[PDB]
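K.L.:
Here it is, the structure in full.
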Amino acid sequence: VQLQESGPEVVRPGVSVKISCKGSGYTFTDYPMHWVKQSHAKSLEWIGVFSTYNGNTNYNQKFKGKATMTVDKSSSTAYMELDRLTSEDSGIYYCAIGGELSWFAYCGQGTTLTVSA
Amino acid sequence: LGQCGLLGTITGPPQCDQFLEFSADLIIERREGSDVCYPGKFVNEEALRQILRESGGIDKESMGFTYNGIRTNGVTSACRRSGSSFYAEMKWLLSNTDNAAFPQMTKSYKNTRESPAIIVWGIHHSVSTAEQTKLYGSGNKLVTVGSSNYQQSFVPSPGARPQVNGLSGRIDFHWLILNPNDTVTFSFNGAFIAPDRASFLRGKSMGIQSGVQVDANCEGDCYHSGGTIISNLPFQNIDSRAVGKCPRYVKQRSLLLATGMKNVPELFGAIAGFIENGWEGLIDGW
Amino acid sequence: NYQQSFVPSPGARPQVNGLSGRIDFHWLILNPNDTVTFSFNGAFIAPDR
Amino acid sequence: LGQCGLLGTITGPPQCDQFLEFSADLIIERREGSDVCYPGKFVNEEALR
Amino acid sequence: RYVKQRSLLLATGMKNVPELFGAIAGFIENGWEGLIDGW
Amino acid sequence: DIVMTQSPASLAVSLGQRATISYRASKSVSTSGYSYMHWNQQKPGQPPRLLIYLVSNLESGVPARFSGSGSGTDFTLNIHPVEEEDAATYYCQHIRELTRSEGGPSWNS
Amino acid sequence: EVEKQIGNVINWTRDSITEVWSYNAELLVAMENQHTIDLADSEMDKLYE
Ligand SMILES: *[C@@H]1O[C@H](CO)[C@@H](O)[C@H](O)[C@H]1NC(C)=O
């Protein structure tokens, strides 16, 4: 399953940018879709607030009152808007539809978002 | 069953792992038989205890919920096999990250067989509302079990209690019955201990609570808690809960039935009548 | 006599002929010169007879 | 019991203050016997009775 | 009142002896076929 | 959060070899006869990909010449013959017990 | 832990059924004893006359 992100790459710290990952092949079903942050100097963290197939929300620890992940069913792409931006958060955002006991294999190549003023 | 009990044959605590999917024409429950290893009881458990010891066995199928954004191995230090283990046929669906959240899951299972299922599922009565922020996540917890017949929408009781051998959190958990071509949805966003092996039935059996040992060489059908009543006699003063194909309980310990005539030793009037004496020297006839 | 304070179960289920929402509903018995109050702010299917 | 009832022997409403901690080989409940003074009943009260 | 014996036949006549006192199946050793007016 | 130790957190290796490198677990990671520890390959210039689930039961889609191994606490995969396209960064993340946390990483060239 | 009311109901029912059968068992045997001595004294008459 090949799948592509989309989102504007020129954005300021402190304003909102949206992420849009097209889920090819099938819709948001009993397998929902998560997200992963890439940091500088090649380290990861599972920042991805994800939306299940019933419309709820599960943030990271540091990022609870911080974002919103909800599902849209018409475009096979979950809805998210990333406000509050900071130049430390420059990274490539890899969407991933999960299966959780194979792995997050339905994975993305990332649209490189550079967050700087 | 030994350390296993009746209601453990569905749930499979580590004292029941050799009885998970059994077959019987007689189950035998023991006084030491814990139905539980992370402590508690069932809900309407005397109703469920009269089905499972009339089932014959417990045949199973996988349900195959592909749990996602989840964990599977909720293990605790009172269900040991080698180390941290759990019930063989349930899963603590606890969250991805510690205090983050645990979203809604809607999980369906269509019964597709000839027989009525006997499902079971779990709600987690934790000790406090600080464990159910690190196990599952902030917010209220709903487990909604709506079949075609039912609608229940359960909720836990996160209060402290005196300890049964190590922990101040409980679990108590519930059960329905399906009919062929039904479905069961499990809507839940926390505190839910799903099944993974839907349970079926096998036919005829009976079931006894007792405390004495097993004689596989003798045969009988009247099995109370202190043995087996084997005779052809219609009344017993042994136990008033003698289940099986038993005789009928009374309270007179001696009901002597006059399988011979009167003694007159040395309603018609010759037995204790004008024939005034019995005889000692007849053993061939009456 | 009573005090019950009911609450619904908004969960999904397999369908009985068309819908995935249920209703299940309750009943009391009055005695002469009693009263029944119905306090409700949603999800309530009142009687009229 | 009089104005006291059966389930008032635990709870002690003011009609039961001479029966709070009683001793009997026969208790006798009365038709006028309120088990309550701030009104209500118990839950699964026929089991406790 | 429900029972499980499908046939509980209740002896609305006496014994047949065809060709607790002892004359029904006793010293009166034979029934009679040709009486329909009385017992 | 679980801090899984990678040691060595830097190596690169030769052809046809077998390597035993550990992301080691510091918490209670015994259950079910197994651990829920998946791995992923990450090639520099490619998106990552699953390779192992449920240590014995590998996927199809990679050649099966990777061998995730272990029974106990601290786990370690094994490789047999290494080829040219092994030059990648072999992360993983944790899924077995709460919480999720990624690897070190370690290198492979 | 059987339920308090229905356990009293079962004990009301069982001890009734216990008093049903034990009255029946005492009456049956005493009826059968009197009948057995009736059918023991009867074939004195059937033998002696
Ligand atoms: C029922 O009676 C038995 C003995 O006859 C007793 O052991 C049991 O506790 C009783 N149960 C209740 C609920 O009264």
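Residues are referred to by chain and number: the chain letter is A, B, ... according to the order shown in the structure tokens, the number counts from 1 in that chain, and ligands are numbered separately from 1 in the order shown.
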If you count only C-alpha atoms and all ligand atoms, which residues end up within 9 Å of ligand 1, as an NGL selection string?

P.N.:
(:B and (240)) or (:D and (47)) or (:G and (1-12 or 14-15))

K.L.:
Selection from above, C-alpha atoms, as a PDB file, in the first residue's frame, can you write it?

P.N.:
```
ATOM      1  CA  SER B 240     -30.594 -32.110  50.461  1.00  0.00           C
TER       2      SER B 240
ATOM      3  CA  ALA D  47     -33.196 -10.076  51.005  1.00  0.00           C
TER       4      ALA D  47
ATOM      5  CA  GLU G   1     -22.849 -16.013  47.973  1.00  0.00           C
ATOM      6  CA  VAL G   2     -26.277 -16.929  46.678  1.00  0.00           C
ATOM      7  CA  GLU G   3     -28.756 -14.030  46.619  1.00  0.00           C
ATOM      8  CA  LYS G   4     -30.427 -13.358  49.957  1.00  0.00           C
ATOM      9  CA  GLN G   5     -34.065 -13.249  48.885  1.00  0.00           C
ATOM     10  CA  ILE G   6     -34.078 -16.033  46.284  1.00  0.00           C
ATOM     11  CA  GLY G   7     -31.960 -18.186  48.597  1.00  0.00           C
ATOM     12  CA  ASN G   8     -34.699 -17.738  51.177  1.00  0.00           C
ATOM     13  CA  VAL G   9     -37.217 -18.495  48.408  1.00  0.00           C
ATOM     14  CA  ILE G  10     -35.318 -21.668  47.434  1.00  0.00           C
ATOM     15  CA  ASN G  11     -35.031 -22.598  51.121  1.00  0.00           C
ATOM     16  CA  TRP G  12     -38.732 -21.826  51.482  1.00  0.00           C
ATOM     17  CA  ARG G  14     -36.895 -26.775  49.220  1.00  0.00           C
ATOM     18  CA  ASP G  15     -38.005 -27.111  52.853  1.00  0.00           C
TER      19      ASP G  15
END
```

K.L.:
Only residues of chain B matter here; which ones have an atom within 9 Å of chain G, counting only C-alpha atoms? Give them as a PDB file with C-alpha atoms, in the first residue's frame.

P.N.:
```pdb
ATOM      1  CA  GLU B  46     -25.111 -18.371  39.467  1.00  0.00           C
ATOM      2  CA  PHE B 235     -35.025 -41.681  49.747  1.00  0.00           C
ATOM      3  CA  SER B 240     -30.594 -32.110  50.461  1.00  0.00           C
ATOM      4  CA  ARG B 248     -35.564 -37.731  47.019  1.00  0.00           C
ATOM      5  CA  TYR B 249     -34.295 -36.086  50.208  1.00  0.00           C
ATOM      6  CA  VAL B 250     -36.128 -36.666  53.485  1.00  0.00           C
ATOM      7  CA  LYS B 251     -35.377 -35.935  57.138  1.00  0.00           C
ATOM      8  CA  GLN B 252     -36.323 -39.248  58.744  1.00  0.00           C
ATOM      9  CA  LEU B 255     -37.914 -45.229  57.292  1.00  0.00           C
ATOM     10  CA  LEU B 256     -38.148 -48.969  57.801  1.00  0.00           C
ATOM     11  CA  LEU B 257     -40.523 -50.655  55.345  1.00  0.00           C
ATOM     12  CA  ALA B 258     -42.007 -53.923  56.502  1.00  0.00           C
ATOM     13  CA  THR B 259     -40.590 -56.385  53.970  1.00  0.00           C
ATOM     14  CA  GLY B 260     -41.896 -59.157  56.222  1.00  0.00           C
ATOM     15  CA  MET B 261     -44.869 -59.902  58.447  1.00  0.00           C
ATOM     16  CA  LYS B 262     -45.439 -59.475  62.190  1.00  0.00           C
ATOM     17  CA  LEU B 267     -56.893 -55.533  59.531  1.00  0.00           C
ATOM     18  CA  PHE B 268     -58.116 -59.123  59.192  1.00  0.00           C
ATOM     19  CA  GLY B 269     -57.168 -60.526  62.581  1.00  0.00           C
ATOM     20  CA  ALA B 270     -54.857 -63.507  62.195  1.00  0.00           C
ATOM     21  CA  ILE B 271     -51.645 -61.517  62.108  1.00  0.00           C
ATOM     22  CA  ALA B 272     -51.742 -60.495  65.799  1.00  0.00           C
TER      23      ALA B 272
END
```

K.L.:
Can you write out as a tab-separated table which residues of chain C fall within 9 Å of chain D, alongside each residue's closest atom pair and its distance in Å to one decimal, counting only C-alpha atoms and ordering rows by chain and ascending residue number?

P.N.:
```
residue	atom	partner	partner_atom	distance
C:1	CA	D:40	CA	6.2
C:2	CA	D:40	CA	7.6
C:3	CA	D:40	CA	8.5
```

K.L.:
Which value, in Å to one decimal, gives the distance between atom CA of residue 21 of chain B and atom CA of residue 151 of chain B?

P.N.:
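We find that atom CA of residue 21 of chain B and atom CA of residue 151 of chain B lie 28.7 Å from each other.
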
K.L.:
Among chain D, which ones does DSSP assign to alpha helix (DSSP H) (computed from the backbone)? Answer as a list in words.

P.N.:
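Secondary structure check on chain D, alpha helix (DSSP H): residues 8, 9, 10, 11, 45, 46, 47 and 48 of chain D.
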